[PDB]
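Student: Below is the structure I would like to discuss, written out as structure tokens.
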Amino acid sequence: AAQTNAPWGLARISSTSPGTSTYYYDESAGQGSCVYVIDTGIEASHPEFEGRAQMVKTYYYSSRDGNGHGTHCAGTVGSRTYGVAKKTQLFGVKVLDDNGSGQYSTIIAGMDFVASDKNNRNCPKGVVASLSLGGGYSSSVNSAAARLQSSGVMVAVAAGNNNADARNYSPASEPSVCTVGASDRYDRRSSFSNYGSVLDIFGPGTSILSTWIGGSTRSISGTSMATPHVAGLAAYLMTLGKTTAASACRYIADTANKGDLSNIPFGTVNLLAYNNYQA
Amino acid sequence: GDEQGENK
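And the structure:
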């Protein structure tokens, strides 16, 4: 399959040389898998979700996305004109607030929920969980990410936007989950992407077009936008039979493009997410 | 909640 004139992020992933504008993916497009987006929620009625995105839990007075961030990530994961896994199932877990923030005590509650809510759903091809949120250590948050991973969910989290070593930021520093860094269009590490040895893989994160609230779209940047990219890939590969949730992140890094990125500190992996598609 | 659109 091939989506022409696509968002560079999607293109860069089904390509081996940057500067290309086509996304080549297997028609299966992640059908049969699930991706819980733990953010500010998803605007589930957005036409791009084709009725495949649904809210599932909230921790605030309302359940809808009145910020946009969450929807934007949910879109990159699996939305018709912008997502990696275009036929996946998206579940919304609102742990953040409309101003973008949220207490660790409840971020944790959110991760514990996906761990068991996954057991009542029908996702034969595996479950992925995207966490485009973070903060700045907490042995408790890391710990929750790990539990989530232990139960059989591929956890993908953001490295952070402080242009610092990710080891001081919690979701990121947990070794068991997949910590995503951000790269920009000229194969350069985004100016703001956290690095370090805890990082696992790099994904498109600067100037990423995606869906927004009010049935709209818009470009924004950050390791936030990179996380759903590999979350999408993780699901895409999982329904394809290539990897299992427990071992996905390792497969993604084993099969990634090596040494194509620049401005990568010594000690940080130089790997870009990549789906290995061949007609 | 990481970053930048109308915002986090």
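Protein sequence lines, in the order shown, are assigned to chains E and I. Position 22, counted from 1, in the first sequence is what the deposited numbering calls 22; the numbers after and before it change by one each time, with no gaps. Position 3, counted from 1, in the second sequence is what the deposited numbering calls 3; the numbers after and before it change by one each time, with no gaps. Beta carbons are placed, not taken as given, at the ideal position from N, Cα and C, and that holds for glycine.
1. Just to make sure I have the definition right: I need the residues of chain I whose C-beta is within less than 9 Å of the C-beta of E:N161. Which are they?
2. Between the segment 212-219 of chain E and the segment 231-243 of chain E, are three or more C-beta pairs nearer than 8 Å?
3. List, in chain order, every chain I residue whose beta-carbon is nearer than 9 Å to that of E:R218.
4. Spell out whether any CB of chain I is found under 9 Å from the CB atom of E:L96.
5. Looking only at its own chain, which residues have a Cβ that is under 7 Å from the Cβ of E:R121, when we skip the five neighbours before and after it?
6. Among E:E43, E:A29, E:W8, E:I13, which has the Cα closest to the Cα of E:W212?
7. Mind checking whether the beta-carbon of E:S173 lies closer than 8 Å to any heavy atom of the ligand MN?
8. On the three-pair Cβ rule with 8 Å, is the segment 256-276 of chain E touching the segment 11-24 of chain E?
9. Residues of chain I with a CB under 9 Å from the CB of E:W212: which are they?
10. State the Cα-Cα distance for the pair E:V230 and E:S139, rounded to the nearest angstrom.
11. Would you call the segment 123-139 of chain E and the segment 100-111 of chain E touching, i.e. three or more CB-CB distances under 8 Å?
12. Around the Cβ of E:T4, are there at least 16 other Cβ atoms within 10 angstroms (buried) or fewer (exposed)?
13. Taking the alpha carbon of E:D260 as the reference point, which residue from E:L209, E:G203, E:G222, E:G70 has its own alpha carbon closest?
14. If you count every other CB in all the chains shown that lies within 10 Å of the CB of E:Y61, and 16 or more means buried, which is it?
15. Nearest by alpha-carbon distance to E:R52: which of E:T88, E:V114, E:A246 is it?
16. Give me, in chain order, the residues of the same chain whose beta-carbon lies closer than 8 Å to that of E:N99; leave out the 5 immediate sequence neighbours on both sides.
17. In chain I, which residues lie less than 8 Å from E:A158 when you measure between Cβ atoms?
18. Leaving aside the five residues before and after E:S28 along the sequence, list all residues of the same chain whose C-beta is less than 7 Å from its C-beta, in chain order.
19. So is E:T223 in contact with chain I if we call contact Cβ pairs under 9 Å?
20. What residue range is occupied by the uninterrupted beta strand (DSSP E) comprising E:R218?
21. Let me know the secondary structure DSSP gives E:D165 once reduced to three states.
22. Does DSSP classify E:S63 as helix, strand or coil?
23. Once you ignore the five residues that flank E:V127 on each side, which residues in its own chain have a CB closer than 6 Å to its CB?
Tutor: Here's the rundown:
1. The residue labelled residue 161 of chain E in the question sits at position 161 within the first sequence. In chain order: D2, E3, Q4.
2. no
3. On the first sequence, residue 218 of chain E is found 218 positions in, with the first residue counted as 1. Chain I residues near E:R218: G5, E6.
4. Position 96 of the first sequence holds residue 96 of chain E. Answer yes: the Cβ-Cβ gap between E:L96 and chain I drops below 9 Å somewhere.
5. Position 121 of the first sequence, counted from the start, is the residue given in the question as residue 121 of chain E. The answer, listed in chain order, is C34.
6. Residue 212 of chain E sits at position 212 when you count from the first residue of the first sequence. Minimum Cα distance to E:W212 is reached at E:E43.
7. What this structure holds is no ligand at all, so the ligand MN is not there to describe.
8. yes
9. If you number the first sequence from 1, residue 212 of chain E lands on position 212. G5, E6, listed in chain order.
10. For the purposes of this step, residue 230 of chain E is taken as residue 230 along the first sequence, with counting starting at 1. For the purposes of this step, residue 139 of chain E is taken as residue 139 along the first sequence, with counting starting at 1. Their Cα atoms are separated by approximately 25 Å.
11. yes
12. Counting from one through the first sequence, the residue named residue 4 of chain E turns up at place 4. It counts as exposed.
13. Your numbering for residue 260 of chain E matches position 260 in the first sequence. The option with the nearest alpha carbon to E:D260 is E:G203.
14. The residue given as residue 61 of chain E occupies position 61 in the first sequence. Result: exposed.
15. Sequence index remark: in the first sequence, residue 52 of chain E carries index 52 (1-based). Checked all of E:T88, E:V114, E:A246; the closest Cα to E:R52 is E:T88.
16. Within the first sequence, the letter at position 99 stands for residue 99 of chain E. Closer than 8 Å at the Cβ level, and outside the excluded window around E:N99, lie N67.
17. Position 158 of the first sequence, counted from the first residue, corresponds to residue 158 of chain E. Going along chain I in sequence order, the residues near E:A158 (Cβ under 8 Å) are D2.
18. The count along the first sequence starts at 1 and reaches residue 28 of chain E at position 28. Counting only Cβ-Cβ distances below 7 Å, and skipping sequence neighbours, we find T239, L240.
19. Locating residue 223 of chain E in the first sequence gives position 223, where the first residue counts as 1. Yes - at least one Cβ of chain I is within 9 Å of the one on E:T223.
20. Working through the first sequence from its first residue, we reach residue 218 of chain E at position 218. Segment 216-220, the beta strand (DSSP E) holding E:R218.
21. Residue numbering aside, residue 165 of chain E sits at position 165 when the first sequence is read from its first letter. Three-state result, E:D165: strand.
22. As a working note, residue 63 of chain E is residue 63 in the first sequence. The answer is coil: DSSP assigns E:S63 none of H, G, I, E or B.
23. Within the first sequence, residue 127 of chain E is the residue found at index 127, counting from 1. Result list for E:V127: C34, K118, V153, in chain order.
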